Amino acid sequence: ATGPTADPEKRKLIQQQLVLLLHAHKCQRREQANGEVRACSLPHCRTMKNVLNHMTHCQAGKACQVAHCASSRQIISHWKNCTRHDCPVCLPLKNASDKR
Amino acid sequence: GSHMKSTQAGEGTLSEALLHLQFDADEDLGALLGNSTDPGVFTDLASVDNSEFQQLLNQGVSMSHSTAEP
Ligand SMILES: [Zn+2]
Ligand SMILES: [Zn+2]
Ligand SMILES: [Zn+2]
């Protein structure tokens, strides 16, 4: 009569958000080093890069009331400290980064 | 988002979206977050708070979506 304690769609959203965040930060950073850059494979880059422009000036954790600021900062704080060799959500990105 | 054939759900789209993109290997995002953070924001990725981001990413690339932005 009630829903489960966990669901795989939360793993699909965090993976779809993480893969798009890591793209958007590299997209934001490479622009200053290149004369021109091609159109991104992910359309949400336009909406997320505006959040990143706020986030370069924000580090207050849960105190910020901006929707995407806290969920992005929550991903980066994990990324900066996690033992990514065995974490189930970090693992597929850790492997996909190598194109060999 | 400039052109599309049809706005419909599928399989293997998100795993392709992962395998064909670039990540924080040659350069990284550690500089924009600053030298200090708040551990009250820290949790497991499987425990993230993101229900408002769900609505932003529903506008395009995924395994199933309500619309596709221009
Ligand atoms: Zn981009
Ligand atoms: Zn903020
Ligand atoms: Zn992890």
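By the numbers in Swiss-Prot, the shown part of chain A spans 340-439.
Just so it is clear, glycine is given a Cβ too, placed from its N, Cα and C backbone atoms.
What Swiss-Prot annotates here:
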type: ZN_FING; residues: A:346-432; note: zinc finger
type: BINDING; residues: A:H362, A:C366, A:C379, A:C384; note: Zn(2+) 1 binding site
type: BINDING; residues: A:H393, A:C397, A:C403, A:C408; note: Zn(2+) 2 binding site
type: BINDING; residues: A:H417, A:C421, A:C426, A:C429; note: Zn(2+) 3 binding site
Pairwise Cα distance for A:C384 (Zn(2+) 1 binding site)/A:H393 (Zn(2+) 2 binding site) [Å, integer]: 14
Filtered binding-site residues - A:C366, A:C379, A:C384, A:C429 - keeping only those with Cβ under 8 Å from chain B: A:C429
Cβ under 6 Å from ligand 3: qualifying binding-site residues of A:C397, A:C421, A:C426, A:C429: A:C421, A:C426, A:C429
Among A:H362, A:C384, A:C421, A:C429, the binding-site residues whose C-beta sits under 6 Å from ligand 2: none
Secondary structure content of the zinc finger (A:346-432), with strand meaning DSSP E or B: 53 helix, 0 strand, 34 coil
Cβ under 6 Å from ligand 1: qualifying binding-site residues of A:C366, A:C379, A:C384, A:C403, A:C408, A:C421: A:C366, A:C379, A:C384
